[PDB]
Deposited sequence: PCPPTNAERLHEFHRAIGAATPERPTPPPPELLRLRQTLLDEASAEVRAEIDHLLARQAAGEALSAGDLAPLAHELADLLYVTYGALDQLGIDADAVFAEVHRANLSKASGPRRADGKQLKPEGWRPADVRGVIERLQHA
């Protein structure tokens, strides 16, 4: 009926590979935080490498095609993958947190802050996630 969200895909991946994926927000061991940092740094470096390639080709006058974007698109998705992966390993529903950030960002656009603007309250999202 509906495809899984990208956040739910990360849950499937971590279960498939035996990586920690708690049901509820869970303070992690330092080894997990270190790995998440390393995976983010790896993905971030590949994105930058591909952006630099495209800028260098444009500087030389190349007319980029849609297909020329595929390496960059791949690395940007890898960066999503390990960003979702950090939230999943923390036991934090990424869609619930993203929804709150989106609420605050979109509400901010509807104003310059609008009158009763409420910034993102991720602590509240964390507390509600513990109590399902």
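In sequence order, the deposited-sequence ranges that have no modelled C-alpha atom: Since the structure holds only modelled residues, the one stretch it omits is 112-119.
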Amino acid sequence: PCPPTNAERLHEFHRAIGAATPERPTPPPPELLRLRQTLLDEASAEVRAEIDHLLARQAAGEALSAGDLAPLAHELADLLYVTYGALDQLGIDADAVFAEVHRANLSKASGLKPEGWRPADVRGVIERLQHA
From here on, numbers count along this sequence of modelled residues.
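Stretch exceeding the other in mean C-alpha B-factor - 72-80, 59-67: On average, C-alpha B-factors are higher across 59-67.
Mean C-alpha B-factor comparison - 17-25 and 117-125, higher one: Stretch with the greater average CA B-factor: 117-125.
Third of chain Cα B-factors occupied by residue 38: Within its chain, residue 38 is a lowest-third residue by C-alpha B-factor, going by the deposited values.
Third assignment of residue 96 from its chain's C-alpha B-factors: Its C-alpha B-factor, which the entry lists for residue 96, ranks in the middle third among residues of this chain.
For residue 87, the third of its chain into which the C-alpha B factor falls: Its C-alpha B-factor, which the entry lists for residue 87, ranks in the lowest third among residues of this chain.
Cα B factor band for residue 11 (lowest, middle or highest third within the chain): Its C-alpha B-factor belongs to the middle third of this chain's values.
Within-chain third of residue 54 by Cα B-factor, per the entry: For residue 54, the deposited C-alpha B-factor lands in the middle third.
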